[PDB]
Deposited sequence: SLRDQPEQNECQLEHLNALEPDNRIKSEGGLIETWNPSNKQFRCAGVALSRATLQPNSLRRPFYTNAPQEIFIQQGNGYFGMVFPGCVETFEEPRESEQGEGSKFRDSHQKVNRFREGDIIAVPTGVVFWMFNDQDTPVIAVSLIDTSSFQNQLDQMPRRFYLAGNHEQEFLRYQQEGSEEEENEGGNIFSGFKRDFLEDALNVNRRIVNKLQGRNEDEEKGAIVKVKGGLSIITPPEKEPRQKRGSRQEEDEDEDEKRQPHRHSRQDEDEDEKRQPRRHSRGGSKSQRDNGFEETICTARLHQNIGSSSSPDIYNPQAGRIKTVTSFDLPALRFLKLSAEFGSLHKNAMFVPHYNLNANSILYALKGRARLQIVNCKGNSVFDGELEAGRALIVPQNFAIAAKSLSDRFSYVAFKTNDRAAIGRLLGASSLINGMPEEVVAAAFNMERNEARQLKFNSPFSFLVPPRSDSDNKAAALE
């Protein structure tokens, strides 16, 4: 039973794939935590003027921009090129988008996606693949379908290299030399998924098909929950970003001040993949037997699964502990066990007293000694 987990560990990637233009790191999808969550996690690093070459995946994805700035393009079936430049055209393509640190990008199942770092700073993008989504009609192995290149799977060759050249020549009405490049015959195998682009790239961009697929949930955004002496929380859901209703995925960004806490809580209807972005915090996770299945530090760059209904609480050990939690539900609901208007505060006082064998005045203290809802300032 994949989720009878008695002990959890802060996880690092167990595989690194270097390409000429960057790095892709994958967490082992067969690790017990990721099989319980039913997802896969990867982290891509794009050096300046490097291009993540186009690929599509047989499952929905959420991509969080941990660092950097650049451009991405999602290329949809049944959509015309709405970006046009004269001279029959000098250039033509579907809408492209800027991304920045703190953006969540929703990639629907099967949609082609590419990404370009146009700046001097490396882009770091953490992507969550929901391999157990009911939109994945294959199997639980994460797959990438690359339209270009000649490299292996992240967890080889591109989609065109399996077709006959004479077929592609007739269908495209192009000579053999173009089809050989299309198929990536002459490509060094080490060029990889992220490639260098010497001169940089000129695309059409200013100094339904066009629906919004990204939203910033980082520090620059307006938070859902904020206490200037404890921290902040901001979730992107299908109430903010309608595409997520199709992906059945959401994400929560949070930042916790040193020695600040958020109360014990659990996700009613989702597994969470907690990925630390900055600093460290001591996390405590409790299962149905009331046993600690994790008590320890989660530090920047590592992932930790919080199974559905498992209770969790945290205390920051840094100036700012901040994280992104990917959740397997477009409308993940949080149940707070303690605090103002918490699940305990919603019970009649004499129900609390009898349940815990407490004095009436002790039940009231349990409810009302701390006035805070979710974030608790230090001490």
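What the model leaves out of the deposited chain are the segments 1-8, 96-103, 172-185, 238-296, 469-479.
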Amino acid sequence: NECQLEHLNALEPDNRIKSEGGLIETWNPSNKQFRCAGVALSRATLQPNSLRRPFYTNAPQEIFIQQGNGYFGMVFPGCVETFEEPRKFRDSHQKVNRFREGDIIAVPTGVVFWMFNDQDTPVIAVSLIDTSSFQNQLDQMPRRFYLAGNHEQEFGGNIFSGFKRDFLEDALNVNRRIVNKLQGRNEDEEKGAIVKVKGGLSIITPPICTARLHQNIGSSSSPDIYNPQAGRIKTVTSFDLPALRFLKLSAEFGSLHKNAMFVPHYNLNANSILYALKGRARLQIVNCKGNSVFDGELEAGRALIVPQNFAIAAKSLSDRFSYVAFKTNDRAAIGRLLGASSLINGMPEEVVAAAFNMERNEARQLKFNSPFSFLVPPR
From here on, numbers count along this sequence of modelled residues.
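For the pair 294-302 and 230-238, the record assigns the higher mean C-alpha temperature factor to 294-302.
Looking at mean Cα B-factors across 28-36 and 328-336, the upper value is held by 28-36. Across 103, 130, 154, 224, the greatest Cα temperature factor reported in the deposited entry is at 154. Set against one another, the Cα B-factors of 265, 90, 95, 212 in the record reach their highest point at 90. Per the deposited record, the Cα B-factor of residue 319 falls in the highest third when ranked against the other modelled residues of its chain. Residue 54: CA B factor in the lowest third of modelled residues in this chain (values from the PDB entry). Ranked against the other modelled residues of its chain, the C-alpha B-factor of residue 254 as given in the entry falls in the lowest third. Residue 274 sits in the middle third of its chain by CA B factor, as recorded in the PDB entry.
In this PDB entry, residue 69 carries a Cα temperature factor that places it within the highest third of its chain's modelled residues.
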